[PDB]
Each structure stands twice: as structure tokens, then as C-alpha cells.
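A short write-up of the structure that comes next.
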Amino acid sequence: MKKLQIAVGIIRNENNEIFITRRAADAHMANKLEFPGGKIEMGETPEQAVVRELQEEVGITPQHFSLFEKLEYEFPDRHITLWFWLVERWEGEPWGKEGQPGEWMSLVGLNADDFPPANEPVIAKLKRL
Ligand SMILES: Nc1nc2c([nH]c(=O)n2[C@H]2C[C@H](O)[C@@H](COP(=O)(O)OP(=O)(O)OP(=O)(O)O)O2)c(=O)[nH]1
Ligand SMILES: OC[C@H]1O[C@@](CO)(O[C@H]2O[C@H](CO)[C@@H](O)[C@H](O)[C@H]2O)[C@@H](O)[C@@H]1O
Ligand SMILES: [Mn+2]
Ligand code: NA
């Protein structure tokens, strides 16, 4: 199975809400809620990838962010390594820049069952902040 490195951004506003998008029906992890992000490309770093991915997907440039968690997860047909960056400062206003559903969701209300199973420990850890 293929192996992927994925960088994602946990976009947290001052009201303890996270900007969450919903994956397309024909995507891997179809219809799941997700932190915006995507594949780290050859020649770019995990830090550069989360910036580029958030610019492409939601129209913001994250800045002064931190690595919240890094973990590996084995899906039925692929192995991924996820870099979860906590993004508390950014330029712009996040939106569905690729036409995808996005909205702000209270951290306390997040349901890990709505996200890919790889996100379980991250969602739990976020709720302890
Ligand atoms: N974006 C994102 N992906 C996640 C999360 N949790 C999780 O297991 N994944 C998995 C689902 C996918 O297998 C992979 C993310 O790839 P992606 O489909 O977002 O990649 P991408 O935007 O670069 O896709 P592409 O169209 O550029 O090829 O990581 C998450 O919170 N956010
Ligand atoms: O790896 C993130 C980690 O590095 C620090 C500096 O110790 O921040 C640097 O890296 C971030 C990610 O590229 C930048 O956004 C930031 O501006 C830079 O100082 C820590 O703040 C952070 O935990
Ligand atoms: Mn993506
Ligand atoms: Na991508």
C-alpha cells in the first residue's frame, strides 16, 4: 500500500471554535469532517505544506503555529502520517475556497466519530486544552 505524509491545520479562533470542512462523497474518508490539509509534496517541508494547503483549501495563511501532534494511521488501503498543526493566528478569513462545506465548530462539541479514525487522539487532546 502507498504511504503518504499529510499536513493539516487545526484552525482555532478566540472563541474556542475550530474551522472544520467536510470531505467530498467520492474522496478517501468520504463525507467525514476534517481539519483542512493535504499531501506534503516532494521538495517542501511539513511547515510549508500546512501553509500551502490552508491557502489552497480555505484561503488563509497560518502563522506562528505549532506541531500539536504527529501520528501514523493504517487505513484499509493506505498508510498515512498526519502532522496536526495548531493554528491560532493567520491572515485572512477561512472559507470554502474549493467549494467544500466549511464552518466553525465549538471544540467541546466535536464528535470524533464524525472525523477519520486517525483523528481520535487529537480530538481528545484538543478537548483537554
Ligand atoms: N485533510 C485531512 N485529511 C485527513 C484528516 N484525518 C485523516 O485521517 N486524513 C486523511 C484522509 C486522506 O487519506 C488524507 C488527506 O489527503 P487529502 O485528500 O486531504 O489530500 P489533498 O488535499 O492533498 O488531495 P489532492 O486532491 O491534492 O490529491 O489524510 C484530516 O483531519 N484532514
Ligand atoms: O515547530 C513549531 C515550533 O517552532 C516554533 C519555534 O520554537 O515556531 C517556529 O516554527 C513555526 C512553524 O514553522 C513558525 O510558525 C514560527 O513562526 C516559528 O517561530 C514554536 O513556536 C513552535 O512550537
Ligand atoms: Mn485536503
Ligand atoms: Na494537495
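Start at 1 and go down the list; that is how both ligands and their atoms are numbered. Numbers for residues simply follow the sequence, beginning at 1.
For a heavy-atom separation below 4.0 Å, the residues in contact with ligand 1 are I6, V8, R23, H28, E34, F35, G37, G38, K39, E53, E57, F75, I80, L82, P116, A118, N119.
Counting only distance, with no hydrogens or angles, the side chain of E47 and the backbone of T45 share no donor-acceptor pair below 3.5 Å. In terms of modelled atom types and a separation under 3.5 Å, the side chain of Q63 and the main chain of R89 share no donor-acceptor contact.
Connection of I20 to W95 is not established within any shared hydrophobic cluster, with ILVMFWY side chains joined at heavy-atom distances below 4.5 Å, either directly or through further cluster members.
The other residues sharing a hydrophobic cluster with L54 are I11, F19, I40, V50, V51, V58, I60, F65, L67, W83, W85, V87, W90, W104, where clustering joins ILVMFWY side chains under 4.5 Å apart.
Between the CD atom of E17 and the CE atom of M105 there is a distance of 10.5 Å, given to the nearest 0.5 Å. The distance from atom CE of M29 to atom CD1 of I80, rounded to the nearest 0.5 Å, is 8.5 Å.
For the pair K2/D77, a side-chain contact is recorded, criterion being any heavy-atom separation below 4.5 Å from C-beta on. Under the 4.5 Å side-chain criterion, counting only non-hydrogen atoms from C-beta, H28 is in contact with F75. Two residues are said to be in side-chain contact when any heavy atoms from C-beta on lie closer than 4.5 Å; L82 and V122 fail this criterion. At a threshold of 4.5 Å between non-hydrogen side-chain atoms, the residues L126 and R12 do not count as touching.
Excluding waters, the set of protein N, O or S atoms lying under 2.8 Å from the Mn ion (ligand 3) comprises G37 O, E57 OE2.
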Practice prompt. Let me see the working for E53 and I6 under side chain to side chain contact (heavy atoms under 4.5 Å, CB included), right down to the final yes or no.
Written response: CA-CA 10 Å; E53 285 291 341; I6 305 300; over 6 Å; no
Worksheet entry | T81/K3 under side chain to side chain contact (heavy atoms under 4.5 Å, CB included): CA gap, chis, key distance, verdict | CA-CA 8 Å; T81 300; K3 303 177 177 182; over 6 Å; no
Check ligand 2 for N or O atoms under 3.5 Å from a protein N or O and list each pair with its distance.
| from | atom 1 | to | atom 2 | distance (Å) |
| --- | --- | --- | --- | --- |
| ligand 2 | 15 (O) | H64 | N | 3.2 |
| ligand 2 | 15 (O) | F65 | N | 3.1 |

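Counting all heavy atoms, side chain and backbone alike, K97 lies closest to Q55 at NZ-O, 2.8 Å.
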